[PDB]
Amino acid sequence: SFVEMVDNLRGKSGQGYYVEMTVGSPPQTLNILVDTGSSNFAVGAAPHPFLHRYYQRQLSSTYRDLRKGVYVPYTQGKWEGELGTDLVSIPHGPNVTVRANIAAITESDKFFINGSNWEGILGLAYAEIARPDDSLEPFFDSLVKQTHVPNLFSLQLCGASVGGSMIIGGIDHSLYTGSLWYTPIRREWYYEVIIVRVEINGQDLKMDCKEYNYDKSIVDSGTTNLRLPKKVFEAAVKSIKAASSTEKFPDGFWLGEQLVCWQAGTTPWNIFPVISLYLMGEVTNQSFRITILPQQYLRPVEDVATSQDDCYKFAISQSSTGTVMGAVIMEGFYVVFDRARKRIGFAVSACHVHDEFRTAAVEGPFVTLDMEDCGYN
Ligand SMILES: C[C@@H]1CCCCCCOCC(=O)N(C)[C@@H](C)C(=O)N[C@H]([C@H](O)CNC2(c3cccc(C(C)(C)C)c3)CC2)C1
């Protein structure tokens, strides 16, 4: 019965993917961003210039105040609000209703996006990173405890404005090709994984693999970019610059700030390399790789001029808090968050990015010795 959930995600490019939800009795409809990089369910609950509607606790007979404040600071953006519970449903999801924690957002800074069409965020990660503390049950834990929905979900994020699917409770085999390859969830807080090897155009970066995971590596649908630790970011940008030295880009383009444009349909895709991330496998000394095309880490944007030039932002940025496999990385792939078996699955998506001579891939098995040493302690 997963077909009812296919194509239940929408979004604008760089602005996240949302699913339609209802809160309260009678049901109030809100668009909620799906974020595997946090664990708080939160909705606008007060007027905001960029909100087109919001949760009105005053109108829900099933609302219950928790008499406790809450605030969440992200890498970029933050909000504060009042905690409570209410009944929640997913119209294009399973046919159930859960009593869930809801943070009613009353103040926010650089969080809501101008003309974005979503009004809240659904944090799909584990209680350990919930605010104010791990005793606030995240939505998906409530869904699993209160219903018969199996303890996993999968995300198929499709590129450019954007759409996709969130399959709640299972795997839809018509959304991917090939085999699913699984990597262990190292720890149930973020969706933390271990990267064991990195290659650019087939060339190993040849760094101590601990650097790739310093201080952690996570899968985060709520972060747009691929974010790399400083040492890894410098090696990759050095390598991507060299592969595309045919052409010249402002140094502010490599910092994510400036666009680059080309006369429409002449984007020189061939001079940007592919990036291969190797992930810890399920059996001893075994890994698999995902290959990222340049169509994934060059994000399309709007021409500042009156031209029809294709314009792009560099969507690899530097991090001081570990590797983040963001939406840019997930777009090629069908991604299974198998919480019940503590693993994450990757396969080539049915809506996969298309190059003329290259293709995004999920390939295994690979042999990788000493994968355990790649985890950071
Ligand atoms: C704020 C956003 C939700 C709204 C914006 C969605 C699309 C906009 O896209 C721009 C973009 O890429 N943004 C805004 C990144 C830079 C970011 O900050 N994204 C967030 C993620 O939750 C961040 N997740 C991490 C994180 C960082 C810091 C704290 C925490 C808590 C405390 C919640 C555990 C979690 C794990 C990386 C969601």
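Throughout, chain A uses Swiss-Prot numbering, with the displayed residues spanning 59-218, 230-446 in order.
Recorded method is X-ray crystallography, 2.6 Å.
Each Cβ is built from the backbone N, Cα and C atoms, and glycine gets one as well.
Checked against Swiss-Prot, the residues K136, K285, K317 yield a single entry marked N6-acetyllysine: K285.
Here the candidates are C216, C278, and Swiss-Prot names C278 as the disulfide partner of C443.
Of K279, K382, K411, the one with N6-acetyllysine in Swiss-Prot is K279, while the others lack that note in the record, though it may still apply to them. Scan Swiss-Prot for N6-acetyllysine across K168, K275 and the hit is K275. Per Swiss-Prot, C216 makes its disulfide bond with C420 among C380, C420. Looking up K299, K310 in Swiss-Prot for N6-acetyllysine, the annotated residue turns out to be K299.
A Cβ distance below 6 Å to any atom of ligand 1 is met, among the recorded positions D93, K126, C216, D289, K307, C330, by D93, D289.
Of the candidate recorded positions, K279, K299, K307, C420, the one lying closest to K285 (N6-acetyllysine) when CA atoms are compared is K279. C278 (disulfide bond) falls within a helical segment according to DSSP.
Figure note: comparing Cβ neighbours within 10 Å for the glycosylation sites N153, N172, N354, the maximum is reached by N354.
Gap of 11 unmodelled residues flanked by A218 and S230; Cα separation 6 Å.
Applying an 8 A CB threshold to same-chain residues 6 or more apart, the list for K307 (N6-acetyllysine) is empty.
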